[PDB]
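[1] In their complex positions, the first chains:
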Amino acid sequence: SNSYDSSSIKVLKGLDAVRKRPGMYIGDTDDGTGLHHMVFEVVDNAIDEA
């Protein structure tokens, strides 16, 4: 309504931005897509190393 100022702009340092909005970083966290996408990204990094 009227709560607007420079203090309202919040900046998330480190990995706080990922933990606050995991959707754009991991996908869905409820149906099981992100829990498997964890291992998917890990194994994809391994294959990129290979």
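    Alright, I've got the coordinates. Numbers count the residues shown, from 1 in each chain, chains lettered A, B, ... in the order given.

[2] starting at the chain centroid, how far to stretch A:37-50?
    Distance, stretch centre to chain centre, for stretch A:37-50: 17 Å (CA atoms, centre = their mean, to the nearest Å).

[3] Run through who's touching it.
    For stretch A:37-50, contacts defined as CB atoms under 8 Å, 6 or more residues apart in numbering pick out A:26, A:27. No exception for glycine: its C-beta is placed from N, CA and C like everyone else's.

[4] Could you check that stretch and say which residues are buried?
    residue A:37 (16 or more other CB atoms under 10 Å).

[5] Kindly export it (C-alpha atoms) in CSV.
    Extracted in CSV, the C-alpha atoms of stretch A:37-50 (Å, rounded to 0.1, in the frame of the first residue of the first chain):
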residue,chain,number,x,y,z
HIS,A,37,17.4,-33.3,-11.2
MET,A,38,20.0,-33.0,-8.4
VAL,A,39,21.6,-36.3,-9.4
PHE,A,40,21.0,-35.5,-13.0
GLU,A,41,23.1,-32.3,-12.9
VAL,A,42,25.8,-34.1,-10.8
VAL,A,43,26.1,-36.9,-13.3
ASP,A,44,26.0,-34.4,-16.2
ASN,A,45,28.9,-32.6,-14.6
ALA,A,46,30.7,-35.9,-14.4
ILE,A,47,30.0,-36.6,-18.0
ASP,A,48,31.2,-33.1,-19.0
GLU,A,49,34.4,-33.9,-17.1
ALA,A,50,34.7,-37.2,-18.9
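
[6] Quick one: end-to-end distance for stretch A:29-36.
    Counting by CA to CA, to the nearest Å, you get 10 Å between the two ends of stretch A:29-36.

[7] What about residue A:6, how many residues nearby?
    If you count neighbours by other CB atoms under 10 Å, residue A:6 ends up with 5.

[8] helices or strands up against the one helix or strand residue A:25 maps to?
    If you go by DSSP states H and E, residue A:25 is part of helix A:23-26. Helix A:23-26 sits against helix A:33-49, with contacts defined as 3 or more CB pairs under 8 Å, 6 or more residues apart in numbering; DSSP states H and E.

[9] one step back: and the helix holding residue A:25, how far out from the chain middle?
    That offset, for helix A:23-26, works out to 4 Å (CA atoms, centre = their mean).

[10] go ahead and place chain B:
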Amino acid sequence: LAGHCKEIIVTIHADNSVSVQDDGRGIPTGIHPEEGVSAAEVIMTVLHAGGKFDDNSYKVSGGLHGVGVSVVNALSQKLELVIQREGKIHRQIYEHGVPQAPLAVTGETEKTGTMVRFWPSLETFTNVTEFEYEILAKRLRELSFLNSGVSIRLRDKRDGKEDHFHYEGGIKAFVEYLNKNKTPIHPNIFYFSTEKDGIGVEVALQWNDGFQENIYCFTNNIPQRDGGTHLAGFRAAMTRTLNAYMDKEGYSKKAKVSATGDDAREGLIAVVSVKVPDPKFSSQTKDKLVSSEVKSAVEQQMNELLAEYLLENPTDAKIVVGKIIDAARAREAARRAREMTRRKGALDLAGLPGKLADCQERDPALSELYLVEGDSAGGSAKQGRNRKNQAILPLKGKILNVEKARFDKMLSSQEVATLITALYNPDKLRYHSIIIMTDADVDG
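    With chain B added, the chains above now look like this:
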């Protein structure tokens, strides 16, 4: 959405740039207590920086990530930002996300708002260097439909064409506008606006005689191209409620219809707009909503209110059920036309029982086969034949010609060729010897 901005102006300039003028409260321009610079420079130069991280400033809002405007600024060769607040006009120039000068004051005014004009960079976008009118037009139209009372003006300095959309009917009026080139089946449009468990839902759907499925997935005034969990709940609720209604009324018993989910959504135009305090999107494009509580809430609301609608309007219910049964009968008639021909490609009847009376011997080239009239001749033929190496195949009337009407699918009896060979013949050569007994008349 906070109830302060009531006019938004989008102007397409001739220099390949788009300016957005609104009359909201304005972007905060004060010095950030941690960054050290103005909050505008913070949101333009720092990722995930803004006031959309809580409900203190925006109780309900579609923006939740905090990187969008930074992406818009970085992927632009130049950007101009003019902010009006507290009687001061703040101006700053950006180039590829790099501020050219600090946020300075240029003058004073009495209005509040923010102007965002950016020149998109050509080093990133390929094959598309000019903004298309139709996509922006559709976006602003549907935005004005979902935002009653919010004036939206589109200006185009390239050709002078300008439009103004201030629809107040809502998504009902949106569906009515999208049904201008179609033919609806029911006048009364399903519509509601509820808010349960902190999450609001507003769905407007209408059946039309077309055959295209277009369910616009909207979440906090954001279109979802890939749908999401809310779309899945919508579809499941619609399917289960229509199935229950067609089962309890007896239509599925009179017509013997499976009534799958795809047939229930045949020729349906739906607009699902939900209000979520803290949604969850799988990407910045916001093409998918991954909130399952929203799924459950929308599912429950749709089931309840759609059952109410179908049990309060008998005529519209009958028309909708008739259209669903029409679509399902079309699908199953196509299934018949497919698998009946697929089975005609194979052999299923084989005409073995009924008329064929083989002999005791099974080794071919020893038995005999005959072809006579069934009821007139075959009776006495079987009563006077042998039961060792004799076989008789009766006939019925005449047989259609081959040359006059040649069709690989045309078949009435098919028993002769199926019983003598497999129809190709070198494999099965049963009944090497056949004899055709025939009357001495002219028809013989």
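
[11] Please reconsider the buried residues of stretch A:37-50 now that chain B is part of the model.
    residue A:37 (16 or more other CB atoms under 10 Å in any protein chain shown).

[12] Then stretch B:226-236?
    The neighbour-count check on stretch B:226-236 (16+ other CB under 10 Å) flags B:227, B:228, B:229, B:230, B:231, B:232, B:233, B:234, B:235, B:236 as buried.

[13] from these, which are also near chain A?
    residue B:229 (CB under 8 Å from any CB of the partner chain).

[14] and the buried residues of stretch B:226-236 as JSON lines, adding distance to residue A:25?
    Formatted as JSON lines, the buried residues of stretch B:226-236 follow (distance: CB to CB, whole Å):
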{"residue": "B:227", "distance to residue A:25": "20"}
{"residue": "B:228", "distance to residue A:25": "17"}
{"residue": "B:229", "distance to residue A:25": "18"}
{"residue": "B:230", "distance to residue A:25": "21"}
{"residue": "B:231", "distance to residue A:25": "22"}
{"residue": "B:232", "distance to residue A:25": "22"}
{"residue": "B:233", "distance to residue A:25": "24"}
{"residue": "B:234", "distance to residue A:25": "26"}
{"residue": "B:235", "distance to residue A:25": "27"}
{"residue": "B:236", "distance to residue A:25": "28"}
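
[15] And the strands in the stretch 251-400 of chain B, which stretches?
    With strands called from DSSP state E, counting those that start in this stretch, the stretch 251-400 of chain B shows them at B:268-275, B:368-370, B:390-392.

[16] Which neighbours in the sheet does the longest one have, and how are they oriented?
    Okay, so that is strand B:268-275. strand B:199-207 (antiparallel), strand B:214-219 (parallel) (DSSP bridges).

[17] Need the phi and psi values for the closest residue in space to residue B:174 that isn't next to it in sequence.
    In space, and not counting its chain neighbours, residue B:174 is closest to residue B:145: 3.6 Å by CB to CB, 6 or more residues apart in numbering or on different chains. Residue B:145 adopts backbone torsions of phi -70, psi -50, taken as degrees, to the nearest 10.

[18] Tell me which residues touch residue B:145, please.
    Contact partners of residue B:145, counting by CB atoms under 8 Å, 6 or more residues apart in numbering or on different chains, are B:167, B:169, B:170, B:171, B:173, B:174, B:177.

[19] Let's add chain C too:
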Amino acid sequence: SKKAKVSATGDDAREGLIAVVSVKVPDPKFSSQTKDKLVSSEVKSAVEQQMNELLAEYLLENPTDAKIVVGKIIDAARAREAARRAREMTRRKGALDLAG
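    If we add chain C to the chains shown above, we get the following:
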């Protein structure tokens, strides 16, 4: 096609096919973090021209495989055409409700 009298659309010729497309691009372009959709058109054109060359070579170097695939395509096209024809005809004219 002169004798079959069919259209052979995209969704019909690819019916009953299991294909695997593995591309190798130095600088990929994924429209999301999940990497569920590629947006590179240069890879599109490269794969397209490589197919138009090598699949053509394959179909002209193997008569038996070619004739079997074309027979399957003719079967699918005739099936879909007959299905559309019968569905439309019955639903629009041959449909008779109220069995009583």
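
[20] try the contacts of residue B:145 again now we have chain C.
    Residue B:145 neighbours (CB under 8 Å, 6+ apart): B:167, B:169, B:170, B:171, B:173, B:174, B:177.

[21] and chain A, which of its residues are near chain B?
    A:1-12, A:17, A:20-24, A:27-31, A:33.

[22] among those residues, which are in helices?
    A:17, A:20, A:23, A:24, A:33 (DSSP state H).

[23] and of those residues, the nearest to chain C?
    Taking CB to the nearest CB as the measure, chain C lies nearest residue A:24 of these, at 6.4 Å.

[24] Can you name the residues that contact the closest one?
    B:65, B:281, B:282, B:283, B:284, C:33.

[25] out of the residues you listed, who has the most neighbours?
    For the contacts of residue A:24, the largest neighbour count, defined by other CB atoms under 10 Å in any protein chain shown, is 27 neighbours, found at residue B:282.

[26] list the contacts for that one?
    Per CB under 8 Å, 6+ apart, neighbours of residue B:282: A:23, A:24, A:27, A:28, B:288, B:290, C:32, C:34.

[27] And the residue nearest to the first one when sequence neighbours are not counted, how close does it get to residue B:228?
    In other words, residue A:23. Nearest residue to residue A:23, sequence neighbours excluded (CB to CB, 6+ apart): residue B:280, at 4.5 Å. Here the criterion is CB to CB, to the nearest Å. By it, residue B:280 lies 9 Å from residue B:228.

[28] Could you do residue B:202 as well?
    Taken as CB to CB, the span from residue B:202 to residue B:228 is 16 Å.

[29] Then residue B:354?
    Taking CB to CB, one finds residue B:354 at 59 Å from residue B:228.

[30] got it, and residue B:315?
    34 Å.

[31] Residue of chain B nearest chain C, please.
    Counting by CB to the nearest CB, chain B gets nearest chain C through residue B:337, at 3.7 Å.

[32] contacting residues around that residue?
    C:82, C:83, C:85, C:86, C:87 are the contacts of residue B:337 under CB under 8 Å, 6+ apart.

[33] how much space between the third one and residue C:78?
    Separation of residue C:85 from residue C:78 (CB to CB): 10 Å.

[34] Could you do the fourth one as well?
    Remark: distance between residue C:86 and residue C:78 (CB to CB) = 12 Å.
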